[PDB]
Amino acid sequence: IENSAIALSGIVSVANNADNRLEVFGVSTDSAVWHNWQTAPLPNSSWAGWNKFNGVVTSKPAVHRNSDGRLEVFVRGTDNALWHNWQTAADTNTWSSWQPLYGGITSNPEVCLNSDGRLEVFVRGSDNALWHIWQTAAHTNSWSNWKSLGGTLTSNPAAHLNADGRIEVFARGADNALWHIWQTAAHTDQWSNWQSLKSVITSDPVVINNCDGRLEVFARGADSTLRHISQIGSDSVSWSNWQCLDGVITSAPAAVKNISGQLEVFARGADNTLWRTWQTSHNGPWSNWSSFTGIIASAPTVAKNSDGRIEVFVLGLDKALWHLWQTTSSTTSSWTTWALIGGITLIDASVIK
């Protein structure tokens, strides 16, 4: 692999509804966004079937739950502008239809929720800078104007809240290194300058918070293995060294915190099967990778059910969505094998790939 490579993305974005039912969003062969949901909140439930949003799109869709429980999805239109669609009431399949946020974007949208209940969306703009736009009142269809945060991006952005409520955004730069930028006051439009985390990455960055507040960032490195770095203080500016884990991976990673608070990472492996690694006790070390049967065709997308069971979605070689999950709520639960969520096939609409 080349330093500028971007490992295969996940094929859906997933959210929990207000009642914790999982719902997945992807792009079909018709170039429209479709979605499907659990009818009840557990991994063994029946799914509703695939439902279409009208409209042709040109990125992977991103979904977040509002602070009033309503899901809202963001995507790029054929006009290269940002559009959004929301549930008009929590836990219902009545949606607004696509509504315009304008702008000109050249990445997938990334959506985060501020600690004051307002959604905020990050994109690469037509000028290759990071731009953002936000709700001006929590869980309301009232949005700010677009604003630039500068930079020169070469990945999709990833955003997360710090423990203190400050959004921090990660993206690869023109030097193929991971860079980041942050709110300097919680839920306020007051941002730092860009700083470099000083490793080449060959995937989008993926970020999660540990038990103790600290953000942890995962990405594929120049040698095609998983690497990661974490915050070591109560600040956005002091971080650990980078560490790599042996094992060549061939997609973006997906991280999740398990029921015991330990982190787990899933990624397509060198053999094109799903691989999983977990922290063997508090703060590491990381297990050898374990492999699930079956060749997969995207990165995994990972989610958690209402009972804490982990569930993983992937594109199969039939171009359809498949999933598997933990059979019990336990860090050492056994797993199901791949099951089909049929009715459509999917395409990788990720803008930066």
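All residue numbers are counted from 1 along the displayed sequence.
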{"query": "Mean C-alpha temperature factor, higher of 322-330 and 50-58", "finding": "322-330"}
{"query": "Residue range whose averaged C-alpha B-factor is higher in the record, 177-185 or 203-211", "finding": "203-211"}
{"query": "Largest Cα B-factor, entry values, listed residues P300, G69, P41, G26", "finding": "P41"}
{"query": "C-alpha B-factor winner, where the candidates are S230, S148, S224, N85", "finding": "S230"}
{"query": "Third of the chain's Cα B-factor distribution that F292 belongs to, per the entry", "finding": "highest"}
{"query": "Chain third (lowest, middle, highest) by recorded CA B-factor, residue given as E264", "finding": "middle"}
{"query": "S31 CA temperature factor, ranked by third within the chain", "finding": "middle"}
{"query": "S155 by Cα B-factor - lowest, middle or highest third of the modelled chain", "finding": "lowest"}
{"query": "Third of the chain's Cα B-factor distribution that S107 belongs to, per the entry", "finding": "lowest"}
